[PDB]
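K.L.:
Protein chains in written order, with PDB author numbering: chain u, 2 to 58; chain W, 3 to 73.
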C-alpha cells in the first residue's frame, strides 16, 4: 500500500561532530547555553512533524 | 630421738578462702543507653539529609547536561 519515500545518501551527508562523550559532557552546559536557538528549532520541528525526513535541514 | 614430722596445716591456720558468688554490676542505666542510641540516630539522620539533598542537586546537574546534549 505505497512506497516508503527515503532521502538520498547525499541528503544525509553532514560534517560530523567527532568528539567523544566525555568531551561533549565537559562542554554540555556552555553548549546548551550558546547553541540553544537552532537546537530548540530542531526539537520543535521533530516533535511537531513526527517524521525525521521533514527535519533534516 | 626424732620428733614427729607430718603434713599439717601451718600454726594458726590457712588464710581465708572465698566461696560466695561474685557477679558485679558493671553497667550503665537504661536511660543513658537509650539516650546515646537516639542521639546517634539523630546525628545520622541530619548528616544523611544534607548528603542526599546535595546528591539531588548533583543529579539535576547531570540531567541538565544530558538535556543540553540531546538534540
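For every residue, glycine included, the Cβ atom is placed at its ideal position computed from N, Cα and C.
What does the alpha-carbon distance come out to for the pair residue 45 of chain W and residue 71 of chain W?
P.N.:
40 Å
K.L.:
Under 8 Å by Cβ, that's how I've got residue 67 of chain W and residue 29 of chain u pegged, so tell me the actual separation to the nearest angstrom.
P.N.:
4 Å
K.L.:
For residue 42 of chain u, tell me which candidate among u/31, u/54, u/32 and u/58 has the shortest Cα-Cα distance.
P.N.:
u/58
K.L.:
If you draw a straight line from the C-alpha of residue 55 of chain W to the C-alpha of residue 6 of chain u, how long is it?
P.N.:
51 Å
K.L.:
Measure the C-alpha to C-alpha separation of residue 42 of chain W and residue 14 of chain W and round it to an integer number of angstroms.
P.N.:
60 Å
K.L.:
Could you tell me the alpha carbon to alpha carbon distance between residue 39 of chain u and residue 46 of chain u, rounded to whole angstroms?
P.N.:
10 Å
K.L.:
List, in order along the chain, the chain W residues whose C-beta lies closer than 8 Å to that of residue 26 of chain u?
P.N.:
67 and 71
K.L.:
Using only CA atoms, which one of u/3, u/13, u/2 and u/4 lies nearest to residue 55 of chain u?
P.N.:
u/13
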